[PDB]
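Peer 1: Have a look at the structure that comes next, please.
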Amino acid sequence: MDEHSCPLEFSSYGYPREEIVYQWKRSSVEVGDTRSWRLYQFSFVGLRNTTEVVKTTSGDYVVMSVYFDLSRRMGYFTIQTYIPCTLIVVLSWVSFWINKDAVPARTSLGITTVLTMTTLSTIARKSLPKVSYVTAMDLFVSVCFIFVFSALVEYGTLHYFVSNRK
Amino acid sequence: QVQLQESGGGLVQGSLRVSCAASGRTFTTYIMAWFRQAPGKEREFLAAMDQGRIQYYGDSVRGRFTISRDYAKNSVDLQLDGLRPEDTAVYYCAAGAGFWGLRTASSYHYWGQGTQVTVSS
Amino acid sequence: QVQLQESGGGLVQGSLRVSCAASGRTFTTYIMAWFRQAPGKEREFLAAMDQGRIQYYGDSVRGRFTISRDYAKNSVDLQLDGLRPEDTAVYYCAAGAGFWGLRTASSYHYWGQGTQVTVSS
Amino acid sequence: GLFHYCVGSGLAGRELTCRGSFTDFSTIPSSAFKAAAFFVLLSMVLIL
Amino acid sequence: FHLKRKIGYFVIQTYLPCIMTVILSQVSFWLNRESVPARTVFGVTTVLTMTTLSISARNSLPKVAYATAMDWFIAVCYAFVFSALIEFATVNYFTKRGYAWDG
Amino acid sequence: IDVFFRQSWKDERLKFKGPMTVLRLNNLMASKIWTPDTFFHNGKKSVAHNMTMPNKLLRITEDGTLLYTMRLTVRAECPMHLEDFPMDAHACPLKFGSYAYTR
Amino acid sequence: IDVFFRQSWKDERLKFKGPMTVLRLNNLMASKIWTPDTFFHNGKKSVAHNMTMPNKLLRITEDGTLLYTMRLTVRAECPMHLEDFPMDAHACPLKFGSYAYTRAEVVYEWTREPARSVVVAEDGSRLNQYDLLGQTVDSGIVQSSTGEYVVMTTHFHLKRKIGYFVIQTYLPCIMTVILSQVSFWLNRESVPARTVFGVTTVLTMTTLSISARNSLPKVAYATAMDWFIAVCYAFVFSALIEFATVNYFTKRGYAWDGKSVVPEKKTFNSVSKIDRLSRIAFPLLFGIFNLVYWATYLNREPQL
Amino acid sequence: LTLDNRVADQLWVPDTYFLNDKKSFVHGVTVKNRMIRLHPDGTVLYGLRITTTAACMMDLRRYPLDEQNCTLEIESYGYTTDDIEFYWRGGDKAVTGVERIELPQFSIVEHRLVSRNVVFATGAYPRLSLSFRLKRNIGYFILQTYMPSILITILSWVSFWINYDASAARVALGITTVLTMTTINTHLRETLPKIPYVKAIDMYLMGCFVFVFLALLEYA
Amino acid sequence: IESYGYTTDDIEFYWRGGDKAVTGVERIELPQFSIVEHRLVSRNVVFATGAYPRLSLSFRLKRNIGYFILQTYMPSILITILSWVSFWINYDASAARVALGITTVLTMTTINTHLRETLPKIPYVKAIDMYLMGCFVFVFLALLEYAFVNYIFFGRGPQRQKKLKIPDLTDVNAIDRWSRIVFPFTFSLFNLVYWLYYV
Ligand SMILES: *[C@@H]1O[C@H](CO)[C@@H](O[C@@H]2O[C@H](CO)[C@@H](O[C@@H]3O[C@H](CO[C@H]4O[C@H](CO)[C@@H](O)[C@H](O[C@H]5O[C@H](CO)[C@@H](O)[C@H](O)[C@@H]5O)[C@@H]4O)[C@@H](O)[C@H](O[C@H]4O[C@H](CO)[C@@H](O)[C@H](O)[C@@H]4O)[C@@H]3O)[C@H](O)[C@H]2NC(C)=O)[C@H](O)[C@H]1NC(C)=O
Ligand SMILES: *[C@@H]1O[C@H](CO)[C@@H](O[C@@H]2O[C@H](CO)[C@@H](O[C@@H]3O[C@H](CO[C@H]4O[C@H](CO)[C@@H](O)[C@H](O[C@H]5O[C@H](CO)[C@@H](O)[C@H](O)[C@@H]5O)[C@@H]4O)[C@@H](O)[C@H](O[C@H]4O[C@H](CO)[C@@H](O)[C@H](O)[C@@H]4O)[C@@H]3O)[C@H](O)[C@H]2NC(C)=O)[C@H](O)[C@H]1NC(C)=O
Ligand SMILES: CCCCCCCC/C=C/CCCCCCCC(=O)O[C@H](COC(=O)CCCCCCCCCCCCCCC)COP(=O)(O)OC[C@@H](O)CO
Ligand SMILES: CCCCCCCC/C=C/CCCCCCCC(=O)O[C@H](COC(=O)CCCCCCCCCCCCCCC)COP(=O)(O)OC[C@@H](O)CO
Ligand SMILES: CCCCCCCC/C=C\CCCCCCCC(=O)O[C@H](COC(=O)CCCCCCCCCCCCCCC)COP(=O)(O)OC[C@@H](O)CO
Ligand SMILES: CCCCCCCC(=O)OC[C@H](COP(=O)(O)O[C@@H]1[C@H](O)[C@H](O)[C@@H](OP(=O)(O)O)[C@H](OP(=O)(O)O)[C@H]1O)OC(=O)CCCCCCC
Ligand SMILES: CCCCCCCCCCCC(=O)OC[C@H](COP(=O)([O-])O)OC(=O)CCCCCCCCCCC
Ligand SMILES: CCCCCCCCCCCC(=O)OC[C@H](COP(=O)([O-])O)OC(=O)CCCCCCCCCCC
Ligand SMILES: *[C@@H]1O[C@H](CO)[C@@H](O[C@@H]2O[C@H](CO)[C@@H](O)[C@H](O)[C@H]2NC(C)=O)[C@H](O)[C@H]1NC(C)=O
Ligand SMILES: CCCCCCCCCCCCCCCC(=O)O
Ligand SMILES: CCCCCCCCCCCCCCCC(=O)O
Ligand SMILES: CCCCCCCCCCCCCCCC
Ligand SMILES: CCCCCCCCCC
Ligand SMILES: CCCCCCCCCC
Ligand SMILES: CCCCCCCCCC
Ligand SMILES: CCCCCCCCCC
Ligand SMILES: CCCCCC
Ligand SMILES: CCCCCC
Ligand SMILES: CCCCCC
Ligand SMILES: CCCCCC
Ligand SMILES: [Cl-]
Ligand SMILES: [Cl-]
């Protein structure tokens with residue numbers, strides 16, 4: 001659910017502001033059919049134009065920037081991660097309706113749900129860079145692990161207190 | 001449901017403008033075109049405009065009618081100039097992907113109600 | 001089983017040509033060489049040919065002996081010219097990947113039985 | 001707030017740059033802020 | 001240039017595995033109701049197979065943000081498999097005795 | 001798409017009279033004469049083949065009619081509807097024209 | 001391989017007299033005079049670096065001797081015999097010579113003795129899974145359709161390091177074999193559990209076999225790792241077949257209960273003698289196979 | 001006179017090109033691997049070291065038990081048959097070095113040299129064709145795909161020797177065999193293009209899948 | 001940075017502006033790394049052709065651990081913890097306990113294998129490899145623990161009855177209780193040693 005403002009900056013490599021100055025025309029940046037582009041995962045919201053003076057060792061340069069606003073389209077990731085993780089959580093819930101005497105059945109269901117959740121977690125981050133902070137997807141998948149784990153621990157506790165301990 | 005709603009005058013003695021707006025789709029990658037029906041039941045391609053802003057025109061109405069597209073508003077406009085009595089007809093707005101077409105009516109899967117235009121001398 | 005069969009004359013007064021044919025393994029990508037063991041001395045590298053048709057020769061027999069390979073038949077030939085009495089020896093055919101070598105017998109894994117050659121003055 | 005903070009650039013306008021996120025504890029200004037955010041979360045967990 | 005995609009690859013490669021997974025899930029209805037671990041294995045393995053197929057089906061395409069016909073087919077097959085598992089859950093809920101017929 | 005792209009045009013300046021009507025000349029002289037600056041509107045990193053020599057030909061007729069052919073591999077955009085995938089069909093454009101010269 | 005490749009030759013036309021004997025000139029002078037057209041016979045796609053300027057130097061001595069050095073990155077063909085993989089070692093060539101001039105026109109020699117005429121930097125190794133034992137320097141002749149050419153060759157001798165594949169393939173295979181053999185110690189009435197052991201170990205062995213050759217070329221012959229995987233898969237398959245044979249002879253569907261006393265031959269099944277013999281046979285045979293395999297593959301290559 | 005290769009830029013040379021080329025270059029280390037040799041009678045020998053990636057459309061219906069015909073199509077671009085005539089110098093011995101090629105996955109059954117004239121709208125041009133027939137080696141696929149499938153199918157029959165009442169064991173065996181076959185087919189996905197027809201390996205894997213599925217249906 | 005053709009007799013190199021010669025380092029954003037320091041050095045290097053000037057610009061990068069904690073460490077810890085669940089399951093639930101142990105063992109194997117398909121073929125053991133082999137050893141030991149109690153019961157109980165600080169090996173309940181106590185404590189000790197060593 002992230003939005004970004006991607007820049008495109010240009011200036012003069014050698015001529016500082018005292019030698020070359022840039023100006024935006026009245027019709028600065030034109031676009032055609034915006035929503036027919038190759039932005040598969042993103043939607044173009046708009047754009048804007050800016051001018052600035054940037055100091056460097058060689059001098060001060062007039063940098064002109066065009067920012068494009070892109071809002072992520074969440075449908076692909078809904079198909080890829082959110083729906084499978086929820087379905088595996090519901091699969092874990094199905095164990096509660098199985099008879100508690102079906103020990104191999106319920107244990108296999110719980111552990112297989114925890115396997116599929118690990119698999120979905122690792123597939124979730126394939127499209128992203130290796131950032132070292134939690135994202136909303138990581139949080140969702142992580143809470144889904146606690147739910148599938150807690151279900152397995154619930155059955156383990158129930159079995160131990162019903163049969164093994166007594 | 002999706003509608004291609006048209007607007008434009010019906011009576012002329014001149015110049016005219018016929019607009020056609022659309023909405024209700026993530027689908028964009030369509031050529032948008034205009035067709036004409038005179039009394040006699042025949043479809044006549046008039047103009048079309050691409051996603052690359054390229055304009056195709058029929059030979060009969062080349063240099064007279066000009067097509068344009070407002071992509072943000074999702075509309076196609078047709079400016080008609082040099083009208084004559086033989087131009088009286090009903091005009092339909094079509095939008096679709098040009099498969100085996102871009103000049104034949106069968107390639108467009110969306111059509112509008114249509115708008116009448118008549119010339120009186 | 002991989003075999004390196006050697007053929008060629010045994011006695012000469014002169015020129016000679018000794019051939020070596022391999023079977024059981026294609027040595028196209030290997031390096032094929034000739035060695036010579038005289039009575040009472042260690043094996044001496046004579047010539048070798050690589051997959052790139054590049055020829056290496058020992059200094060004692062440089063410019064006299066000529067090595068060639070027939071890759072379709074998987075064979076290596078040695079043409080001996082300007083024979084002299086101290087060329088009498090057992091001539092061996094070798095094939096291998098030259099690791100630490102191309103001049104050392106230890107780098108060749110496959111060896112022929114050896115063919116005697118004698119020069120009589 | 002607890003983790004997120006917005007500050008103006010200071011040119012007689014709004015121009016609020018915003019930084020901070022509980023998902024990224026590095027951006028939180030202080031360990032006290034981190035602890036307070038954690039405690040308020042725990043309260044959320046308990047009430048829910 | 002007018003191009004038409006050839007369906008044969010996807011028929012061999014995605015539709016047939018999904019159909020056979022659905023048939024495999026439906027096979028469990030013919031086992032006795034007391035084979036609880038066996039029918040649970042059927043349901044769970046079919047659900048995970050459908051999940052894997054759904055994940056692997058989208059690799060061919062670019063990451064577009066809308067559902068395709070293949071996506072709808074996979075979703076319906078997943079619904080069928082999950083319905084089979086829920087059916088077994090109901091059958092086991094209404095099963096009384098923990099032993100099958102002795103013969 | 002691999003194409004022989006042929007363009008022909010009149011040039012009164014290059015009229016001549018000689019033993020033969022057509023001069024089939026080396027392509028290096030094409031740089032020494034005017035040629036149209038055609039480009040592909042929807043192209044994406046096309047390549048002009050240059051093995052062994054530049055794959056072009058230039059021919060001048062006695063009446064000043066020039067023929068000029070190039071060998072190209074054109075990589076062009078083709079926006080797609082993937083909602084009917086894998087039952088989908090497309091109409092990929094190839095659009096070209098002059099860059100600098102108006103109608 | 002990244003090299004400072006430096007050649008030297010005498011051009012009588014370029015002798016001079018001046019204040020300074022050696023003219024350390026810009027590399028632009030190199031294009032203005034004749035230089036050898038040296039090329040690499042087994043090179044695939046090489047780079048002559050030109051950042052920031054052409055990485056070359058030309059020096060002209062007063063007597064007409066010219067030194068000409070280039071910085072090159074050569075990626076060259078090294079045909080490999082992977083029968084002993086990962087216990088294999090290779091001799092990768094680097095062969096160069098004149099492209100146009102035959103032996104009657106241009107001849108290449110080594111500046112120093114051939115052993116010392118190829119020097120490797122102490123810190124200059126980018127090998128991950130290989131160890132460079134050394135190099136041998138030689139020269140030879142090549143006959144072509146155009147003529148005879150001198151070809152100067154080096155051969156870099158490399159030995160593969162086995163640790164990556166030990167961690168990637170051998171240890172998972174060994175653990176899978178041990179895991180399959182663990183099933184012999186469970187009671188014969190645990191039919192689903194022992195079946196789970198057999199089928200899961202067969203699945204793991206199949207996955208390991210399938211993924212073992214990801215990094216290799218698709219050679220037809222089998223490698224040492226292929227033989228090891230095949231033998232381990234045979235062990236796992238034999239363990240599952242052993243369980244099937246044990247279960248075929250089980251009479252009673254119920255295991256021993258904690259209270260009753262088994263008479264020495266309500267009755268109970270006896271511990272399978274197939275299981276008792278397998279508990280000794282399978283680990284012993286696997287250990288003997290490992291002994292023979294690691295004895296016969298670790299010491300196979302030539303040594304100095 | 002073996003001249004420096006920069007004189008080729010001054011001399012005339014044929015405008016030879018390979019029609020089925022995708023990407024090609026002349027090697028350029030230490031210099032352009034090019035050769036110009038003049039003879040007293042005006043004869044010019046012009047050599048180039050060229051690496052070219054040539055398109056070869058391969059029919060994979062019998063894959064991996066298939067043979068492929070891959071060709072290089074040498075042609076004159078601008079000069080018609082009235083201006084230039086190509087031929088294979090030395091006849092059938094014009095092309096050398098094929099015997100020394102040893103591909104890891106293929107064996108070169110034979111190679112052929114053909115000379116003809118191809119007609120376009122611009123004229124008729126000479127054409128030389130160097131064709132190779134390549135037969136695919138089977139050992140890699142036997143190790144990779146066929147043997148695991150056979151072993152899984154053999155393992156699927158173990159359920160017939162288990163009692164009918166051991167439902168958990170028999171169903172686990174059948175389901176695991178089906179899953180392993182799907183995994184083998186996954187690895188067959190990961191190294192091939194999206195052809196629209198069934199190959200020989202596809203036929204074999206579908207047959208083995210039918211067999212293991214029928215074993216599971218037999219238990220059911 | 002080095003001069004190719006010109007020796008120290010022809011060309012000399014220096015960092016203009018001293019330690020402030022290289023700028024923009026503090027504005028570098030690497031997803032996986034943090035630049036802890038950068039250094040400038042000026043020296044001479046001797047080749048066969050002469051002595052040349054050399055300028056070295058070095059960066060020290062510290063890898064970020066959070067991505068790996070999310071992707072590898074936490075799933076391994078969770079799989080080990082769920083491997084410990086079998087200690088509380090009844091000894092006669094052989095199918096359940098064996099399924100749990102086998103699933104955890106193969107999960108560790110697959111995680112370890114698939115992690116190192118995005119790295120070069122180094123021959124030595126990494127810290128992540130040490131952690132993954134530790135978790136594998138723990139889950140494998142849990143599975144062997146169930147194998148041990150099953151063998152003890154079903155292969156000693158009959159003749160033991162007829163013949164009429166680790167615990168007694170005659171009580172599977174005692175062995176299970178000992179495992180319940182010891183596996184979490186030993187795993188915590190292993191984690192403590194690992195993290196204190198590598199941090
Ligand atoms: C790989 O796969 C490719 C593609 O299939 C194979 O290519 C073809 O190989 C065959 C031979 O193996 C080629 O045919 C030979 O072609 C030559 C040259 O033909 C030209 O010149 C002819 C004479 O000037 C001319 O007639 C040809 O034009 C036509 O007319 C003939 C006669 O009617 C007709 O048959 C042709 O089809 C044309 O319509 C053409 O311009 C030709 O001279 C050869 O004839 C020989 O064969 C005859 C028997 O037919 C024999 O009597 C002669 O003595 C002589 O031996 C022969 O036809 C063909 O051109 C190749 N096609 C292409 C597209 O390259 C290739 O062989 C495969 N190689 C491997 C290794 O698998
Ligand atoms: C990243 O990794 C790289 C690679 O390891 C690190 O690089 C090394 O950094 C250190 C600095 O931290 C460098 O050492 C310094 O080198 C300079 C220059 O030395 C040269 O010039 C000197 C004259 O100006 C000359 O004296 C030097 O002589 C060498 O040989 C004599 C032999 O007697 C020896 O005594 C010298 O020490 C030199 O080795 C040489 O030609 C040098 O001026 C520095 O001196 C410091 O230390 C001395 C005391 O030792 C002190 O008196 C000085 O005042 C000064 O404090 C110092 O030696 C080293 O050369 C780099 N190595 C390479 C190969 O580049 C890098 O630091 C790492 N950084 C990061 C960010 O991780
Ligand atoms: C794990 C995997 C296991 C797999 C093992 C399965 C083993 C058993 C089955 C074998 C099937 C054989 C393979 C299928 C045939 C290969 C696929 C194929 O090529 O068919 C094409 C047409 O497809 C088409 O009609 C398109 C439509 C085909 C859809 C067929 C599916 C019907 C499923 C009905 C549901 C019943 C469920 C049972 C419920 C009781 C050919 O056309 P044509 O050359 O003209 O090219 C036109 C252009 O579209 C490119 O093909
Ligand atoms: C009762 C049952 C009986 C059954 C019988 C069982 C049979 C038992 C035999 C096994 C064979 C053992 C393999 C022996 C292979 C020999 C391997 C060897 O020589 O040891 C070193 C390699 O170690 C290495 O990389 C790394 C060694 C890693 C060892 C790790 C131990 C962990 C054990 C926990 C398991 C985790 C599994 C998890 C996997 C998913 C050599 O390095 P060296 O210095 O020369 O130079 C670097 C090198 O790369 C140069 O090539
Ligand atoms: C993991 C998946 C499988 C198992 C899932 C089980 C459930 C576990 C729960 C959550 C995730 C675990 C915590 C992971 C935290 C993320 C990883 C972590 O600890 O690393 C540190 C914290 O990173 C960060 O910003 C992260 C800070 C915030 C972490 C916590 C976010 C909120 C979690 C609310 C949970 C509620 C649950 C409710 C259940 C009902 C940073 O180090 P690093 O050197 O890179 O810094 C240098 C810097 O420059 C990097 O940019
Ligand atoms: C590593 C293999 C070593 C093989 C060692 C083979 C050693 C050998 O002598 O065979 C024993 C084995 C069956 O022995 P197994 O222990 O399984 O069966 C017990 C016993 O042998 C008798 O069958 C029964 O006694 P009885 O009749 O009621 O008096 C007893 O019944 P109960 O006590 O429960 O009431 C059974 O429990 O026979 C084969 O299967 C042949 C194919 C073996 C093929 C093995 C393929 C692996
Ligand atoms: C190359 C190395 C070869 C070494 C041979 C293989 C090692 C195991 C051989 C078994 C030796 C043995 O018979 O004594 C084990 C004891 C008593 O056995 P028994 O003779 O009374 O039936 O019974 C026990 O108390 C041992 C308990 C075992 C419990 C199960 C965990 C072990 C699983 C083994 C996996 C391979
Ligand atoms: C049941 C276990 C018994 C163990 C006995 C002792 C082990 C004997 C073989 C050990 C492995 C070994 O050295 O095999 C090497 C060969 C390949 O040969 P080369 O390439 O090293 O020349 O690789 C192969 O071709 C594999 C051959 C089979 C190895 C496994 C032993 C099979 C014993 C029964 C054979 C009928
Ligand atoms: C980009 O910057 C230029 C700067 O001139 C903007 O140009 C003016 O835009 C307004 C509104 O359209 C016009 O009334 C002015 O006449 C334009 N020129 C001048 C000299 O002010 C331009 O609109 C900006 N583009 C954006 C914001 O997208
Ligand atoms: C293709 C592999 C199928 C697996 C077959 C497992 C066979 C196990 C049963 C073996 C029975 C041996 C014959 C019993 C009669 C006897 O020996 O007295
Ligand atoms: C006795 C039953 C044997 C079953 C095993 C054989 C199954 C073969 C696979 C089905 C045939 C597929 C044919 C596809 C032909 C095509 O390309 O359209
Ligand atoms: C590169 C040299 C490697 C030397 C061998 C390292 C072996 C490390 C094995 C670690 C296994 C984990 C033990 C966990 C103990 C609870
Ligand atoms: C519309 C979302 C559908 C998601 C896949 C199918 C879910 C079936 C649940 C029984
Ligand atoms: C995994 C492919 C190699 C199989 C080798 C033979 C196994 C024999 C099983 C009894
Ligand atoms: C480097 C190999 C050391 C010897 C390994 C032998 C293993 C045999 C275990 C029984
Ligand atoms: C035993 C629980 C984990 C202990 C982690 C120790 C971290 C030390 C950081 C300095
Ligand atoms: C949708 C689930 C069906 C359950 C049949 C009782
Ligand atoms: C390789 C399988 C060994 C079987 C011993 C009974
Ligand atoms: C005996 C083959 C399977 C039969 C399924 C009805
Ligand atoms: C024999 C293995 C025992 C595992 C720890 C009780
Ligand atoms: Cl936040
Ligand atoms: Cl390496």
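Going by the structure tokens order, chains are called A, B, ..., each with residues numbered from 1, while ligands are numbered from 1 in the order shown.
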Can you tell me which residues come within 7 Å of ligand 13 when counting only C-alpha atoms and all ligand atoms, ideally as a PyMOL selection string?
Peer 2: (chain A and resi 83+87) or (chain E and resi 75-76+78-79+82-83)
Peer 1: Just list as number ranges by chain whatever in chain I DSSP marks as strand (DSSP E or B).
Peer 2: I: 2, 33-47, 50-63
Peer 1: Find the residue from H:147, H:166, H:214, H:158 that sits nearest to ligand 14; use only C-alpha atoms and all ligand atoms when measuring.
Peer 2: H:147
Peer 1: Compute the post-superposition RMSD of the C-alpha atoms of chain B relative to chain C, with atoms paired in order and the fit done by least squares.
Peer 2: 0.9 Å
Peer 1: As an MDAnalysis selection string, please: the residues near region 74-80 of chain B (cut-off 6 Å, only C-alpha atoms, same-chain neighbours under 4 positions excluded).
Peer 2: chainID B and resid 15:22 65:70
Peer 1: Would you output that residue set with C-alpha atoms, as a PDB file, in the first residue's frame?
Peer 2:
ATOM      1  CA  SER B  15     -19.140  23.494 -38.525  1.00  0.00           C
ATOM      2  CA  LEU B  16     -20.000  21.050 -35.742  1.00  0.00           C
ATOM      3  CA  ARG B  17     -18.386  19.093 -32.908  1.00  0.00           C
ATOM      4  CA  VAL B  18     -19.456  15.614 -31.770  1.00  0.00           C
ATOM      5  CA  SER B  19     -18.086  14.359 -28.445  1.00  0.00           C
ATOM      6  CA  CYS B  20     -18.128  10.806 -27.080  1.00  0.00           C
ATOM      7  CA  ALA B  21     -17.272   9.987 -23.456  1.00  0.00           C
ATOM      8  CA  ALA B  22     -16.668   6.581 -21.858  1.00  0.00           C
ATOM      9  CA  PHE B  65     -13.177  15.928 -40.254  1.00  0.00           C
ATOM     10  CA  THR B  66     -10.555  15.887 -37.486  1.00  0.00           C
ATOM     11  CA  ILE B  67     -10.499  13.405 -34.598  1.00  0.00           C
ATOM     12  CA  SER B  68      -8.948  13.997 -31.184  1.00  0.00           C
ATOM     13  CA  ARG B  69      -8.822  12.156 -27.860  1.00  0.00           C
ATOM     14  CA  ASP B  70      -8.806  13.392 -24.272  1.00  0.00           C
TER      15      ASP B  70
END
